[PDB]
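Taking it in order: structure first as structure tokens, then the write-up.
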DNA sequence: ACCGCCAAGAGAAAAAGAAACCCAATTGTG
DNA sequence: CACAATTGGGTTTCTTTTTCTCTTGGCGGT
RNA sequence: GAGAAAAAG
Ligand SMILES: Nc1ncnc2c1ncn2[C@@H]1O[C@H](COP(=O)(O)OP(=O)(O)OP(=O)(O)O)[C@@H](O)[C@H]1O
Ligand SMILES: [Mg+2]
């Protein structure tokens, strides 16, 4: 629990949620999937393009992105944010370090509403490397894509609605060479998070 | 161009003609400070908050927004929000944790303070180059800003008029901030004044 | 509380100035208010009572005692001593002084005990004794007990009265040494010393003259401005002390105004282009003020003249013309024949120091003003401050700094300024040093010097010396005094040659750097931009490195140029083990080859019957070509290379060049020149030789392990057992690694081609020598790789073959020939481990008497286990090294020999080396004859097992610690016949 | 001759390196 | 309240001294 | 205070 979740929340709130999303962003784009925690999941989409990577890091393009993602955002009872263990001690990989931290901070700011009004810190960060053990996908140094396991799930842990399953199968079959949809593995790690939610 | 050299966000001049409420804050890696001063000469408030739990070796976003919310709980609401961007670049290998700290606070605070961003569609928080806002004054030499402590002492006790409601508390806290090396609150009034001179009241 | 500390510091330091009426006002003000009355009683009342007692005012102490009675606390015995002092220095009333004696006899205070317990001023103590003798001559305690003598078995022969003993005599007459003492007194009263640079004065031009003229005029200007600002600010604080507390007026008037204007101008001159932090300048300014106060208090107190008189009486012991009535040790003649008084002033606390530094820095900022720009036109007609405090970034933390104005930097760079400012401590002595009477007593004349060097804090190192038995520290202090009395001078011709190479570009392979002029000082592709950035970075780092070497070379050779044709004495201090280090840092024998080559003895023994041969041996001992052969072959080799020696001494730089290629080239040149001068003489024996002669150790720590529990194998491998041919363990281990590498090369590994037989003794010395200590393979690979980094044969290094063969593969063979020593290592490691688990730091006593403690604490403070189980053997075996070195020093001094010792490398004249050798073997046999291991076990049991914390920590430590490894069938007495022990 | 100024991107460059190692912490236990 | 056996993260034998800079470097047409 | 190094055990 504490090793898997750096923040802490009540166990009854963790077990029972009406609906959650997958706040998982890549370097190029973010993809969000609507998980209702009853193993029946509603909607998954992604951002079309990111304009912040062009030019220099500046607050305006960050805000212009985050307004668009939180505008396309469906309302959920709980929200899970990823947490990457990029080491500060490593001298290289500084731009992606700022990218991931600042994107995490503004997702943790705009999406997390009613923090001043309601005392509960609402969105929590998840240890990705410890969840990778629950994946049993590799040795642990690197994480492979989870497209094979969601392909084994459908096209039965996903359980899309009957009107949505055919369109989502068509969209998954249409998008296979983007090579930025690796976040699909994270789209089932919330299912792994339900191992904590029972 | 010139206003674009000063201001990093792009706000057209008609709103900047009458802003009627400006808050200037200065980020610091150990301590935080802010002051409200309008487009007129009136100064509304001046406070600093100390004793952060932060820069203690562990970087966590939850306590980041806890600290930023604790700061914003005392902050008022104004039309445009003044920020002081650092002179540091990402290419500098040294001072990297301080730069990450400044970028993460400017992202968190710029992300806040705008309840109606989706409604108006216009940006509300603006940032300053510290070298340029020194360059309205004479304080540089060798492309480096000096303290401005003597200048802010001369301006406090015209370039700026402090209202007499809180000037006694300002003097009493100014003796302590002059005994100690607290440079963050001293740049806040100076950058406010240069905002009200160089882009306002042309 | 902190405020109580600051108040105590104020009322303490106001006695060291003369502002007593200013002291009374703030005491009265604090006693007036009940809220200010708290924290006022804490030991300041006897301080101000002593203040009124020293001055000619006996009436005010009645008010002081009434104030103490109002406080309600019991009067101190120091207050009674102050009352007896104010009864002194004045015409006695012939009454009620005995009533005062009866009153102080009441409430448990004793008249007899205040002479020994108060620790008052000794002149005031004599005045109190005069008042008592005016009252009654019944009591007079004699403090002149006979001088106590150490009763240790090892030091018994040194301090024995009987026996024919001869002492060394310095060359100079008494009056010349007194003039030298006068010169060093004048050089120490003004703490800075100005040194002429060895940088070439090049091209005096019109721009240079203009810069000098405007710099002198503005310098007079800012001196006047600084004096005016000091006057105004001191007047402001003197106004502040009347209506407040902690005001800095006695702290600022502690010195005269001239010394603080010179101090502020000097700290203005020392700032580089990038100004350092405000805290750093605050620390430096207040520490320099403290050292200045310690230097300049003794002028107005009167101790300088008394020190001069006692020095005049003492200096006859080392003078050629004068004769001491009975010969005795340098310390013991100082112990008798009068004794000087040392105040031993405790420094004021940290906030006072920091805040005084802050006001000094702010005064320097707000005073010192530069007119307009550097340009000749002055149309602006305004003066701007030269230094502005700047909010900056440093490296990890935002700390305010103090940046000078760039036009000042341009003017400062324009003028050459050949003057260099050195500290009084850093420059060597000009008179023979002050004897080490006590750990509180120092080697320097007017400035303190701590016995053991510490990094920061670490009070327990000196606390063990304070709580040590008084006669136990006597031998170490005598040995340090012996190391102080060495007489030095600089060579003329070696200094001339080094300076001649210094003025030109020179050769950097000798240790003399070049000027930075010879140092390196549209884009087609982004890869081209990356290459350009890489080569700018390489050029910048190389230029910074060469400038860094050049600055230290200039700062050493300038002091060497200053210190020609005079005689010098380097004082010596201690580390926490006991190993001795010279106090002057820039110019000492623990330096480089050049620095070692500059020094020679000021007093020269004749070569004697043996003579020149030994000098030649020393030459070969630094030639480095022949280290693994006996002495007769070294002398034959020195005979064969004689033509090169004559050619190198006649023409060092112009002609045929032989002193290159040696491991120590300039020392080889110095010994070369001295040998060639010695040969060109009518009588080689009657020649005066000033050259030091070296005696080094073979593998000393392994020898010391071999003695602590005798061995037949390994002890014979470290030349303890006598042998005609020297035996080095390092060469055998290197041969074993090389014969493993040959088979690995026949196998076909790629790393065997990149070692390529470049392994030697110097490659593996550090790693094989740290095998016997607790070594981790990272520590092995950081030392086996640095050596191959200095060698320039193979470019790309991965050194793990050598470590994986050296602590793993030959470690089977290392266990084979080193058996029993590793048992000692495991015993010491387990003892230190269980001590660390108990929670204590390891304390051990040397056989001579020096107590050693380890400063390894975690961040009141818990011990750190990792740097204490490891680093316990190379912290005790060095203590045994230092004990042997000091024993060799004392038994060298007893036979009329002059002795200066690099640790594990002793130095002596040409005639005297055989006597010093026999001294060395005798001390090695004497030190290990006493069983060190069993005494160490008993002391470790008594210190670390005498308390019942728990049954397990008592029982396991007792069972592991009572066991001592069994010594073998080898006699220590063979060491007196050992020829190649230290050679 | 002197401040002016200025934009410092996103490139694969992965650089040393790993290999023990020990000493303190944490969800589980009585 | 009182433990508690197993699982990761800072450190790697030790002791002295010394110098220097805290990215600036490059471009610019008056 | 951290860094670039350098020389003695
Ligand atoms: N880096 C070090 N770590 C620990 N001890 C050291 C170190 N360098 C030197 N010593 C100590 O110095 C002494 C011997 O070292 P030194 O370099 O003088 O060798 P040596 O006996 O003179 O060898 P050789 O004559 O064969 O060159 C030992 O007491 C050893 O512990
Ligand atoms: Mg040796």
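Throughout, chain C uses Swiss-Prot numbering, with the displayed residues spanning 220-740, 748-1085, 1107-1230 in order.
Recorded method is electron microscopy, 3.8 Å.
Each Cβ is built from the backbone N, Cα and C atoms, and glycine gets one as well.
These come from Swiss-Prot:
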type     : residues : note
ACT_SITE : C:922    : active site
ACT_SITE : C:991    : active site
ACT_SITE : C:1151   : active site
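Note on residue C:1151 (active site): other Cβ atoms within 10 Å of its Cβ, all shown chains, come to 17. Taking the Cβ of residue C:922 (active site) as reference, residues of its chain lying under 8 Å away and at least six apart in sequence are, in sequence order, C:847, C:1151, C:1152, C:1229, C:1230. The 10 Å shell around the Cβ of residue C:991 (active site) contains 17 further Cβ atoms across the protein chains shown.
According to its DSSP assignment, residue C:1151 (active site) is coil. Gap of 7 unmodelled residues flanked by residue C:740 and residue C:748; Cα separation 21 Å. Following the DSSP three-state reduction, the secondary structure of residue C:922 (active site) is strand. Two residues, residue C:1085 and residue C:1107, bracket 21 residues absent from the model, and the distance between their Cα atoms is 10 angstrom.
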